[PDB]
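Reviewing the structure listed below.
The first residue of the sequence shown is numbered 1, and numbering continues consecutively from there.
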Amino acid sequence: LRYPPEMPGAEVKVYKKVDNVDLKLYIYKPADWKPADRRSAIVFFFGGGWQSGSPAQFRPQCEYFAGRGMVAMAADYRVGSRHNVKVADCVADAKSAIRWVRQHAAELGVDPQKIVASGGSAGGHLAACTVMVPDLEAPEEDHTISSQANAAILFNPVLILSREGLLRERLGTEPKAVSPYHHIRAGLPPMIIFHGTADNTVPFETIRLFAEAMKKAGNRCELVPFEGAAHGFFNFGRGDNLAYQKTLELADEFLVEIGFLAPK
């Protein structure tokens, strides 16, 4: 992976300007797309510990879901190795991207109620924050436009950043305020999570505990273990793309199930 990324075929849009950085979305439109469409959308946030990473990470997935009829995009967001930011700033950027897509839904051919947030590791944390972590919004945006996504698809996310009830210098808030686990509650959007049982960076148990508490609150939170798999197992090019193909087909089925995508 390289940064800056190369996204051939993508329409580039600046979704946020902050400290003289133009943050871009890379948009992959489906065949027969028209502005008047009301398609589901998916916004991918790359991983990289809130420090590095590249939007190119989820370029293959964007091309897949565009091929299936969604408006699929990969968002850039600020990260520590490039910008003077903390985790809470990345959250604000991720929320800005969801808000921007909803705000621009009509020009994007998008149903503002069918916006999916997705990502891997730190990017999976950001996607989770856009469905359940309150506040941390850009202060000058229009908060009457919701930044909350309507579903989530998480690839070994980080969901617990605080040991309360169970890099702190670079969270930018008290740990609970950026910890999805600490905001579990009823009435949340549906989500599916893929995680390797042998993940040595983000322990599988933290995700199992999250999903159990989330089901107890009545939420559709499906955790799919990948037996013996390590961190990053799902990426294109890893293994023999078996896990890559498998997470796509399970994510596809999840989107058809919740009514965001038509069956193949």
On a heavy-atom basis, which atom in [X] and which in [Y] lie closest, and how many Å separate them?
X    : Y    : value
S162 : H182 : O-CE1, 3.1 Å
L223 : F204 : CD2-CZ, 3.8 Å
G49  : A122 : N-CB, 3.6 Å
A97  : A75  : CB-CB, 4.3 Å
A217 : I184 : CB-CG2, 4.3 Å
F260 : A151 : CE2-CB, 3.9 Å

Enter the distance from [X]:[atom1] to [Y]:[atom2] here, rounded to the nearest 0.5 Å.
X    : Y    : atom1 : atom2 : answer
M70  : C62  : CE    : SG    : 10.0 Å
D19  : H83  : CG    : NE2   : 9.0 Å
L261 : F254 : CG    : CZ    : 11.5 Å
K13  : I27  : NZ    : CD1   : 7.0 Å
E11  : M7   : CD    : CE    : 13.0 Å
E164 : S179 : CD    : OG    : 9.5 Å

Ring-ring centroid check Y77 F46, cutoff 6.0 Å: yes

Output field: ring centroids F226/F234 closer than 6.0 Å: no

Taking the side chain from [X] and the backbone from [Y], do they hold a donor-acceptor pair closer than 3.5 Å?
X    : Y    : answer
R168 : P175 : no
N219 : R185 : yes
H195 : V202 : yes
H183 : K176 : yes
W33  : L108 : yes
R78  : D93  : no
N150 : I115 : yes
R68  : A262 : yes
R170 : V85  : yes
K95  : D135 : yes

Has [X] got more than 12 heavy atoms of other residues, nucleotides or ligands less than 6.0 Å from its [atom1]?
X    : atom1 : value
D32  : CG    : no
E140 : CD    : no
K29  : NZ    : yes
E6   : CD    : no
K215 : NZ    : yes

Identify whether the distance between the nearest side-chain nitrogen and carboxylate oxygen of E205 and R208 falls below 4.0 Å. yes

Between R99 and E137 (salt bridge meaning N to carboxylate O under 4.0 Å), is one present in this structure? yes

side-chain contact (heavy atoms from CB on, under 4.5 Å) for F65 and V116? Distances and angles first, verdict last. CA-CA 11 Å; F65 284 111; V116 182; over 6 Å; no

Should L255 and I153 be marked as a side-chain contact (heavy atoms from CB on, under 4.5 Å) after you check the CA-CA gap, both sets of side-chain angles, and the distance that decides it? CA-CA 9 Å; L255 291 173; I153 299 171; 3.8 Å; yes

Any [X] side-chain heavy atom under 4.5 Å of [Y] side chain:
X    : Y    : result
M191 : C221 : yes
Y64  : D252 : yes
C129 : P180 : yes
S54  : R2   : no
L159 : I207 : yes
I193 : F210 : yes
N156 : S121 : yes
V110 : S40  : no

Are [X] and [Y] in one and the same hydrophobic cluster, where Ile, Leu, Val, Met, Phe, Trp and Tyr link if side-chain heavy atoms are under 4.5 Å apart?
X    : Y    : result
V101 : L23  : yes
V43  : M132 : yes
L154 : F233 : no
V131 : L188 : yes
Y28  : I98  : no

Before you tell me yes or no, could you show the steps for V91 and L126 under side-chain contact (heavy atoms from CB on, under 4.5 Å), namely the whole-Å CA-CA distance, both residues' side-chain angles and the distance that decides it to 0.1 Å? CA-CA 6 Å; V91 175; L126 299 183; 3.9 Å; yes

Could you walk me through whether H125 and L161 pass side-chain contact (heavy atoms from CB on, under 4.5 Å), step by step? CA-CA 10 Å; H125 163 265; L161 300 183; 3.7 Å; yes

Please determine, by modelled atom types, if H231 and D199 share a side-chain donor-acceptor pair under 3.5 angstrom. yes

Look at the rings of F58 and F44 and say which category their plane angle falls in: under 30° parallel, 30 to 60° tilted, over 60° perpendicular. parallel

